[PDB]
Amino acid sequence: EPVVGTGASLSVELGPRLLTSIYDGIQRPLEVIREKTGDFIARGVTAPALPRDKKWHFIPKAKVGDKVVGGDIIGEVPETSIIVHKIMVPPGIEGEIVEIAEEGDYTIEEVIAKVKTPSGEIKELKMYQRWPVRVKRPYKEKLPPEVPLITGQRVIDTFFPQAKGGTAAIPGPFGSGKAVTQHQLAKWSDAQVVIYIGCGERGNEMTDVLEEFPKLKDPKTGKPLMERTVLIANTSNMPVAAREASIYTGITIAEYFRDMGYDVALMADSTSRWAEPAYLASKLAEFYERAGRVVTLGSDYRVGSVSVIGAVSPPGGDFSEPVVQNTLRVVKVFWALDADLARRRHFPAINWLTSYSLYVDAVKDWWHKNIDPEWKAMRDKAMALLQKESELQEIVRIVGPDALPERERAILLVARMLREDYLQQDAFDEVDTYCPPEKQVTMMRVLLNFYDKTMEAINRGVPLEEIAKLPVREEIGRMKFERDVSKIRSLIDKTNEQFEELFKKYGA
């Protein structure tokens, strides 16, 4: 073993035709054959990765004379109907642009540019580039969690935010119908690009993909969702070596898009031991370490991100070890899908007592500045509400509802509303399949004002049975189905008037 270095350098190729592509853990097209891993390097057999014959339209964005550093965008190629693919000087390369393509059509092998480094080396630049998957793509700076990744799902966006660049986790195997939140996240999050790692996929869980996935429309555009997605399959008779590798391959394609200025979401998908602890906590850590929002390389000042959502399919129902206990230490957000919520058909079945996100403080300020100054104070009060509900329910189990004073009945009432009116969301409703930021905070105020007003009326000796059947209530329940946000907002003044009436009819 004369040679050295730990690896052959498992490169990935990064250029046009990533999107719509379906690869495996090392980057070869659909329906492919067998590799081998280890301490040392690895071997292969055959495959290509981005077409060498496909002709791509290249628009130059720089003239001969321009000084460039690694990361600068020298050209643009429209890849799909959605993504403009941005062509960057590979990292490590700075100089004078001495020669540059004229707007036209080229294959990826062509030299679109040439750069004179300061030693004097002319360096040849094509529309694609290579990177060692095991090595984190560099950037200028890694910014603090700060901008939320807007999911359009109320419980997530309000109670358990994901930061752009953050890391979340989520139970079970992705491609299954006990949850569709997985899918919902992938299509609604305001990332531009999605990197999916479908993983361990079984028996006809690959046929779920190749058949349906290219038929999926992207709700923001009505174009294939695939046209802003890279797909990375981890099936059963593939080697352990192309599974261990995959997340790295994936996160690297991820880094490549954020380097463009994109926000990308990356979704991973363990199954019954995603490969076959020890120090293997580090191997996972350093995967998740590679998530982040960054000032990208470039001479312009450009921010991109890779936020990671990781699915946690355990050995089963136990959710205690191995992969499960370790992953939760690393991640900053857990959305706990709870089969008992699912059985009561409370969807999304995210348990509000046991999920958690450490990015609330991080993101409150985006919410306050751009959407509502009252955001954080509100989610807080809502949660306090729901926490109280949790406790009263324990007791009411033991002693029944008759024991309860009005005040308490008022709280179970409003909690209940909070649960059915806000936490519950209709993934299948044409309006409620997505709840924009401005809508979440309005709905929130409506409920919380109802609450404010409920207690007050109670403190004023109004019967709760009166409030319970107050008309505005039934409208509040339907709220989520209203697309016109200010029709929703009017429920506040409406709640007020109905309540005023109720003070009158009891006078005092």
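One-based numbering along the sequence shown.
Going from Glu276 to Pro277, the model skips 10 or more deposited residues, which lack coordinates. Mean C-alpha B-factor is higher over 97-105 than over the other stretch, the pair under comparison being 97-105 and 303-311.
On average the C-alpha atoms of 44-52 have higher B-factors than those of the other stretch, with 448-456 and 44-52 being the two compared. Which of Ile73, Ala281, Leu358, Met127 has the largest Cα B-factor in the deposited entry comes down to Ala281.
For the set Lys178, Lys381, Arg345, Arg416, the PDB entry assigns the largest Cα B-factor to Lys178. Among the modelled residues of its chain, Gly477 has a C-alpha B-factor that falls in the lowest third, as given in the PDB entry. Sort the chain's modelled residues by C-alpha temperature factor and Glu394 lands in the middle third, per the entry. In the PDB entry, a CA B factor belonging to the lowest third of its chain's modelled residues is recorded for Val147. Split the chain's modelled residues into thirds by C-alpha temperature factor. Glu406 is in the middle one.
Annotation for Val84: C-alpha temperature factor in the middle third relative to the rest of the modelled chain, per the entry.
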